[PDB]
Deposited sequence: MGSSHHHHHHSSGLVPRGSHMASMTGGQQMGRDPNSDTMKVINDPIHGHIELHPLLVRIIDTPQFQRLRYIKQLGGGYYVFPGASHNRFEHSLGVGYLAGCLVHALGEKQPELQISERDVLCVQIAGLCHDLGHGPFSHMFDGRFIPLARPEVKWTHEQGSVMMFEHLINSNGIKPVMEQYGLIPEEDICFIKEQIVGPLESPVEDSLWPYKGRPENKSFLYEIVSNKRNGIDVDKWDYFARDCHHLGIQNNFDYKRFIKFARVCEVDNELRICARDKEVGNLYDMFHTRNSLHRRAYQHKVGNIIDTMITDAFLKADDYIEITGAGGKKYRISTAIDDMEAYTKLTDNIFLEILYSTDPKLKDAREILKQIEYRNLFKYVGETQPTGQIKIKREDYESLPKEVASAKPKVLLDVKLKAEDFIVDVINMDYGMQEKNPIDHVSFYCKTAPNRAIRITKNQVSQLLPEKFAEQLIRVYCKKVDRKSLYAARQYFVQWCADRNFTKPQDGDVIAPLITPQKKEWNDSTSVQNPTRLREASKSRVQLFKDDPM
């Protein structure tokens, strides 16, 4: 009935409309309190204790800030309170679909557990959102505050996942197209979701950031672009936009793809796979699901959080011994050892299906060196990481519209050459990391020899420490030295 104020360390005091409060105070939303934003990253950065819940509040907040700012600067847009609330709800609910340890679940576990299924947190979010609305009688409340549930639920889902299918959207018309650019921007990835996690992750990781998404909001405008009304940035902000993506890449390099964070994520995933058939999760009508099938039933999925990790760890079931033992090894910090990193060379890329064959490939290499131990495919992990600017090969800034101060209503396009010659020439790459399950000194030395030999055999890039870890092997390849 009245607004609530929430104090957030990143954003300070956030005002929440009563309808938003109703949505937040539900089991489906509060679930996000028990899911770590950075998953295994917490085990490397102790500051990163934050969960999806607080991130979601921030995203809803910033979504409101942006839509409000646009409305105040351009009354002609006819932005309504109903529009503002719908955008905030989408911002709040965009991460509802995340599973235990966030990206590990959708990124690592589900692809291995259920390769046939094509699943993402986005799809999960839409399903959970529907479940949230229907389970908690939210629709009546939406009507009370002027929302029209048929159109607006559609609109909210479309903001989260894109067209459920010309204008392909049904929730709002072309004149309100800019509303779809705020929470999850499918056009170029510039959205408030990134702005919140940049600031929040940095706050917790202990990586400094004085920058303003606030600045961006202040300079945002709506212009006509190809018969749609779209969000346009001021021209001079283009450098800041390139930097936003640079920041994202740096955060991935330093933190999200930290070699040990990833290995912990990998180990947890392995534990989950071993546990899958023995954990049972109760769904709608008392039906039982597995970790990998809870995504099919939202009532079951509601109860799938980071807790599962502890349920396995603390279990006594003999059937869970293999899974439990992996988790125990994580606790003792008996983790697999990082051997090295390389990149695929020139046009060659690694296909997703071929990830599985890779450990065998490394083991198959014959390094021209004496070896005390012989290592097996099963002793290796090979982690293939796709680093990009959020749009695969594409430059997202080529998909941004800008305006100039002398003609604020006229959208223009800006190419990379018009900005700096020091920008990336490519917007995607792969990293290949190799680890060894055998942690002893002799094994690790051997693993380094196999690894560097495999790099040479494949014409991959010379590992940075190649000359130190494998002095005998590196001479072989002339390109390297």
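Trainee: So which bits of the deposited sequence did not make it into the model?
Mentor: Several regions go unmodelled: 1-36, 202-207, 524-550.
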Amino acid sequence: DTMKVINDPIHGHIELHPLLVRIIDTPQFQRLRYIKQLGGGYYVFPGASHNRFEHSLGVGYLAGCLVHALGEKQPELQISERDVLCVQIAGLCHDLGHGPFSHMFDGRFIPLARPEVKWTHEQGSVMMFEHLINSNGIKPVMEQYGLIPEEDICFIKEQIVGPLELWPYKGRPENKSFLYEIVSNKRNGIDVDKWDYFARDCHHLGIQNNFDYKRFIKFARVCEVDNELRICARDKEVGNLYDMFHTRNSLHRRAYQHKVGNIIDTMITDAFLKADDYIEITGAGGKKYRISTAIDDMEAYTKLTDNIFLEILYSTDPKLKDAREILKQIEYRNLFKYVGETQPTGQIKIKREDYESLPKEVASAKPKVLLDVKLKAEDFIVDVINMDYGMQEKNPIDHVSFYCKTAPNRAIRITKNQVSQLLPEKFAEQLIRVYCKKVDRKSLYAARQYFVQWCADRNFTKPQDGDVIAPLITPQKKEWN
From here on, numbers count along this sequence of modelled residues.
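Trainee: Tell me which of 250-258 and 294-302 has the higher mean C-alpha B-factor in the deposited entry.
Mentor: The stretch with the larger average C-alpha B-factor is 294-302.
Trainee: Return whichever of 365-373 and 215-223 has the greater mean Cα B factor according to the PDB record.
Mentor: Mean CA B-factor is higher for 365-373.
Trainee: By the entry's C-alpha temperature factors, tell me which of 265, 243, 196, 356 sits highest.
Mentor: Most elevated C-alpha B-factor of the set, per the entry: 356.
Trainee: Between 10, 470, 23, 14, let me know which has the highest C-alpha B-factor in the entry?
Mentor: Among 10, 470, 23, 14, the highest C-alpha B-factor in the entry belongs to 470.
Trainee: Looking at the C-alpha B-factor of residue 442, is it in the lowest, middle or highest third of its chain?
Mentor: For residue 442, whose C-alpha B-factor we compare with every modelled residue in the chain, the answer is the highest third.
Trainee: Quick check on the deposited entry: does the C-alpha B-factor of residue 117 sit in the lowest, middle or highest third of its chain?
Mentor: CA B-factor rank for residue 117: highest third.
Trainee: Taking the values exactly as deposited, rank residue 232 by C-alpha B-factor within its chain and report the matching third: lowest, middle or highest.
Mentor: For residue 232, whose C-alpha B-factor we compare with every modelled residue in the chain, the answer is the lowest third.
Trainee: Lowest, middle or highest third of the chain for the C-alpha temperature factor of residue 52?
Mentor: As the PDB entry reports it, the C-alpha B-factor of residue 52 lands in the lowest third of its chain.
Trainee: Splitting the chain's C-alpha B-factors into thirds, which one does residue 417 fall into?
Mentor: Middle third by C-alpha B-factor.
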